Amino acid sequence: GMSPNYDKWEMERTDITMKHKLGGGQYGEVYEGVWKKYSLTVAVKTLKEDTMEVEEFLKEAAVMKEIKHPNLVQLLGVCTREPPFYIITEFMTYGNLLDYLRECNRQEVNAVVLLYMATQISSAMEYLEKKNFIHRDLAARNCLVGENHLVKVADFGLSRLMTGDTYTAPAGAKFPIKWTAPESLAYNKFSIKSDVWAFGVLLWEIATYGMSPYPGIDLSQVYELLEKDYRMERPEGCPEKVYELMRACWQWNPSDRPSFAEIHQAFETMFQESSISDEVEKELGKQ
């Protein structure tokens, strides 16, 4: 018999040491912290006093208690009973994937590692796909990097458990044009298929080591271009099979886009073969 107000996810703020702010203010009020009890470094997202976004914060916290996967950043606890609200998650030492890609050593982050990243992400999405959840904000900036190129998807502020086949965002809502599928931009309609489209754009960010999508193109012209069947070109050095998958993710009709299960299977096979090849190449100097 547990105590009356026992809540398995709650923890006292005093258990956490708050340190420096992370993400240079780009990700809101998030700080690096330490869960003293375990001398564990953790990430802590908080909410400013006053704020008119408390509901959004609680929802984000709620969703994280519902998902668990090796490639989804893990919620460790929350402080949502009174005033300063906290969301505590495992710490990913290398930060967000976009900056990781923009500052990496390409000798280390090579062809094999890029496929490994996409394989890990598709794995997480296959999990969400089968749970019938939508992420709604897939982008390299929303993925994190740990030791040994470990990659996990994060930022579930818009993640939704779907009841139907689609989700209609409220009128007036604004979205990241470059990662947003046409049906979403035009009718605010989202589905696992719109996440697939987004995944295609994320593959492109990986392939280009973090370049911003649709180079030089004006945001106001993106939709018109897509409608005429324009799509970003194959990045220099990007394997043909990967670009094909990319193009499949950008099929105009959501029903024509592949499933994450299919995407994951494709990358798993490409990663394996590419990995083997890399190890055999190293073998050329040591047997």
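The first residue of the sequence shown is number 1, and the count goes up from there.
*Asks:* Which has the higher mean CA temperature factor in the PDB entry, 106-114 or 213-221?
*Replies:* If you average the C-alpha B-factors of 213-221 and of 106-114, the larger mean comes out for 213-221.
*Asks:* Quick one: higher average CA temperature factor, 44-52 or 251-259?
*Replies:* Averaged over C-alpha atoms, the B-factors run higher in 44-52.
*Asks:* Which of these has the highest Cα B-factor in the record: 135, 149, 178, 131?
*Replies:* Of 135, 149, 178, 131, 131 has the highest C-alpha B-factor.
*Asks:* Should residue 74 be placed in the lowest, middle or highest third of its chain by the C-alpha B factor in the entry?
*Replies:* Ranked within chain, residue 74 CA B lands in the lowest tercile.
*Asks:* Determine, from the deposited record, the chain-internal third of the Cα B-factor for residue 227: lowest, middle or highest.
*Replies:* Ranked within chain, residue 227 CA B lands in the middle tercile.
*Asks:* Looking at the C-alpha B-factor of residue 166, is it in the lowest, middle or highest third of its chain?
*Replies:* Highest third, going by the recorded CA B-factors of the chain.
*Asks:* Going by the entry, which third of its chain does the Cα temperature factor of residue 139 land in?
*Replies:* Bottom third by C-alpha B-factor.
*Asks:* Considering only modelled residues of the same chain, in which third does the CA B-factor of residue 33 rank: lowest, middle or highest?
*Replies:* Its C-alpha B-factor belongs to the lowest third of this chain's values.
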